[PDB]
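For reference, the structure is listed below as structure tokens.
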Amino acid sequence: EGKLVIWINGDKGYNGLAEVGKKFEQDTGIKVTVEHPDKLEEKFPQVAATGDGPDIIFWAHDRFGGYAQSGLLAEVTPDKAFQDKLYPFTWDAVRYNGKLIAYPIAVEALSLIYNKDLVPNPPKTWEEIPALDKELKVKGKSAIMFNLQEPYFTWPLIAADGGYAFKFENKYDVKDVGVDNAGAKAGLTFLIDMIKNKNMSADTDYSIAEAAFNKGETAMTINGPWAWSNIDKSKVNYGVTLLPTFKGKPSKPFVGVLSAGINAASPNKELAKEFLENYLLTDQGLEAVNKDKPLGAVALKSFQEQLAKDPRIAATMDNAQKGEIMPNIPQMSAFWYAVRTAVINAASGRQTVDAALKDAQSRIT
Ligand SMILES: OC[C@H]1O[C@H](O[C@H]2[C@H](O)[C@@H](O)[C@@H](O)O[C@@H]2CO)[C@H](O)[C@@H](O)[C@@H]1O
Ligand SMILES: OC[C@H]1OC[C@H](O)[C@@H](O)[C@@H]1O
Ligand SMILES: OC[C@H]1OC[C@H](O)[C@@H](O)[C@@H]1O
Ligand SMILES: OC[C@H]1OC[C@H](O)[C@@H](O)[C@@H]1O
Ligand SMILES: [Mg+2]
Ligand SMILES: [Mg+2]
Ligand SMILES: [Mg+2]
């Protein structure tokens, strides 16, 4: 009691957040400690269920329905004046069983990131990437590398031709799942065909793809706003644009709302509210995080007005509008674990595309 412990993922601007924490302490005398444990989103329910854990947890909103269902989050209590400072759809992302159970911070979607000096006119279709790769391979380069280990990054292609997670009835139907329909299989088959053709490698992960793109070894990558800061520091002149289409249809990234939840076991709920409402969710607080690692579009209208001019943010929102907001229901983690296994198994040859996605469908439903 008398201090704040915050958990945030290691790809986010945790040093910038710590600067907001230092300002909070200067003003209040209350110490703010920012940590970025690994697997924090799996650890939180295990420690919060014993009355331990951080005061504030940051993640995309998809995890938070499961937390709320288990009673691990405090209902947040912003007055109507504060609610009107943030975009309504961001509050919708953090509403569960009619209650607000987090503060929305930022809106994330994946984009195509391209080296302007290797591909001045980036490909508009996935289908043209193999021919581009062939020309780059004679120069000792590759067309594209992105994280193939996490389903977040492959989902936009799987969804393009008709894949979906849970069907929404204007409630989600947790038994109407679109992981093994024909559209999902078509997109995952194309990924596997690129791997078979040696346009990509099944073992590429986040670090490998980031290093290759930021050293000028691959012409394109797929990543979110948090990655831009490291590219700024690199030698690469990059642009951010629409994901390629597949079978003429847009890639459909899942849209995540970075959210801050208050632990139901926290003895510091009033302090957490003060920190989040009056320090973090200000133009200056978000600026401090954003200059560390970019947040994307932000939930705070006044600061989003200042970011909306950036072509990178425009591209982020263009991809977001072609995609879908993630569900926040508890079943979302089952979806992600099952799809992760399916993609890895298909890409490594441990299962056919059809067998992998059928097994995932069975697991989720
Ligand atoms: O891959 C499954 C994973 O997807 C999402 O995680 C994203 C996250 O939203 C981004 O902010 C960034 O950290 O990349 C992650 C993928 O590595 C879901 O939010 C998450 O629950 C899910 O595990
Ligand atoms: O178990 C698969 C994945 O699920 C949760 C962890 O965040 C990631 O470290 C783990 O790989
Ligand atoms: O369950 C262990 C999992 O956790 C972290 C890794 O990202 C994943 O490769 C591994 O399979
Ligand atoms: O891809 C596996 C990942 O999918 C979603 C989960 O939130 C995270 O724990 C899980 O790691
Ligand atoms: Mg983690
Ligand atoms: Mg609650
Ligand atoms: Mg792996």
Side-chain angles (χ1 to χ4, degrees), residues 1-9 12-14 16-36 40-41 44-45 47-49 51-61 63-107 256-290 295 298-304 328:
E1 192 181 14
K3 78 163 314 219
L4 291 173
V5 177
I6 301 173
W7 283 8
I8 185 162
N9 201 45
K12 300 309 189 301
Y14 52 79
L17 187 62
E19 291 297 302
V20 185
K22 281 159 154 185
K23 169 60 171 172
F24 191 72
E25 189 187 347
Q26 147 187 347
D27 291 358
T28 78
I30 298 276
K31 204 202 182 353
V32 179
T33 295
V34 177
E35 316 187 321
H36 49 99
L40 74 85
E41 84 292 348
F44 176 75
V47 298
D52 202 27
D55 300 285
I56 300 166
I57 175 172
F58 284 74
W59 199 257
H61 70 285
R63 262 289 181 172
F64 278 66
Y67 300 159
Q69 183 68 39
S70 308
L72 309 167
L73 295 179
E75 190 178 358
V76 301
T77 72
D79 63 42
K80 294 223 291 323
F82 186 88
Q83 294 180 54
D84 195 56
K85 293 197 204 167
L86 311 197
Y87 292 103
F89 82 93
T90 64
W91 290 115
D92 294 341
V94 295
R95 200 179 288 101
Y96 187 77
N97 283 353
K99 309 209 309 183
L100 299 173
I101 40 75
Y103 288 88
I105 312 292
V107 182
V257 178
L258 180 64
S259 300
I262 299 171
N263 189 339
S266 170
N268 301 297
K269 295 187 181 69
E270 301 90 352
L271 283 172
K273 182 189 180 157
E274 176 69 14
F275 176 80
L276 294 169
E277 288 195 8
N278 302 137
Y279 287 73
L280 178 55
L281 279 164
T282 66
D283 290 345
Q284 299 80 16
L286 296 178
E287 183 179 37
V289 180
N290 199 64
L295 290 159
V298 297
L300 189 70
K301 295 167 170 178
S302 59
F303 194 54
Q304 176 55 20
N328 69 16

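As a basis for the values below, the full set of heavy atoms in this structure was taken, side chains included, without hydrogen atoms, waters or symmetry mates. In what follows, residues are counted from 1 in the order of the sequence shown.
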Are any non-hydrogen side-chain atoms of [X] and [Y] less than 4.5 angstrom apart?
X	Y	answer
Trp59	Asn9	yes
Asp55	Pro267	yes
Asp283	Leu300	yes
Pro104	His61	no

- Message: One pair to check against side chain to side chain contact (heavy atoms under 4.5 Å, CB included): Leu280 and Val289. What are the steps and the verdict?
- Response: CA-CA 9 Å; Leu280 178 55; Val289 180; 4.0 Å; yes
- Is there a side chain to side chain contact (heavy atoms under 4.5 Å, CB included) between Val107 and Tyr87 once you walk through the steps? CA-CA 10 Å; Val107 182; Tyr87 292 103; over 6 Å; no
- Set of residues satisfying salt bridge (charged side-chain N to carboxylate O under 4.0 Å, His left out) with respect to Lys85, sequence neighbours excluded: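 Not a single residue meets the salt bridge (charged side-chain N to carboxylate O under 4.0 Å, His left out) criterion with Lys85.
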- List in chain and number order the residues that pass salt bridge (charged side-chain N to carboxylate O under 4.0 Å, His left out) with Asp27, two or more places apart in sequence or in another chain; answer none if no residue qualifies.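 If we apply the salt bridge (charged side-chain N to carboxylate O under 4.0 Å, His left out) test to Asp27, skipping adjacent residues, the hits are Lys23.
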Can you name the nearest heavy-atom pair linking [X] to [Y], along with the distance?
X	Y	value
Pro54	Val5	CB-O, 3.5 Å
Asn328	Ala93	ND2-O, 3.2 Å
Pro78	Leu100	CG-CD1, 4.2 Å
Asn278	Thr282	O-CG2, 3.5 Å
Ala299	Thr90	CB-OG1, 3.8 Å
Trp91	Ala102	CZ3-O, 3.8 Å

Under the side chain to side chain contact (heavy atoms under 4.5 Å, CB included) rule, collect the residues that match up with [X], sequence neighbours excluded.
X	value
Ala260	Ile56, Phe58, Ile105, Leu276
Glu287	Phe303
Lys31	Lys3, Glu25, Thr33
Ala60	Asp62, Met326

Could you tell me the separation between the [atom1] atom of [X] and the [atom2] atom of [Y], rounded to the nearest 0.5 Å?
X	Y	atom1	atom2	result
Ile57	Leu72	CD1	CG	9.5 Å
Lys273	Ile262	NZ	CD1	8.5 Å
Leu17	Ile6	CG	CD1	4.5 Å
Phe82	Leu281	CZ	CG	4.5 Å
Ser266	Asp52	OG	CG	11.5 Å
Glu1	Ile30	CD	CD1	9.0 Å

Mind checking side-chain hydrogen bond (donor to acceptor under 3.5 Å, both in side chains) for [X] and listing every partner two or more places apart, or none if nothing turns up?
X	value
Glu274	none
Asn290	none
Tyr96	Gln69
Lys301	none

- Message: Between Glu35 and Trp7 (side chain of the first, backbone of the second, donor and acceptor by atom type, cut-off under 3.5 Å), is there such a pair?
- Response: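 No; judged by distance alone, with no hydrogens or angles, the pair does not exist.
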- Tell me, please, which residues at least two apart from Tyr67 pass ring pair (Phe, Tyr, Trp, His ring centres under 6.0 Å). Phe44, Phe64
- Task: Go through the structure and list residues passing ring pair (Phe, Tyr, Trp, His ring centres under 6.0 Å) with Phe24, not counting sequence neighbours.
- Result: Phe275, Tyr279
- Message: Go through it in stages, so that I can follow the logic: the residues are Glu19 and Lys22, the test is salt bridge (charged side-chain N to carboxylate O under 4.0 Å, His left out), and I'd like the CA-CA distance, side-chain angles, deciding distance and then a yes or no.
- Response: CA-CA 5 Å; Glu19 291 297 302; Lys22 281 159 154 185; 3.2 Å; yes
- Going through the distances and angles, do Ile101 and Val76 end up as a side chain to side chain contact (heavy atoms under 4.5 Å, CB included)? CA-CA 5 Å; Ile101 40 75; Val76 301; 6.0 Å; no
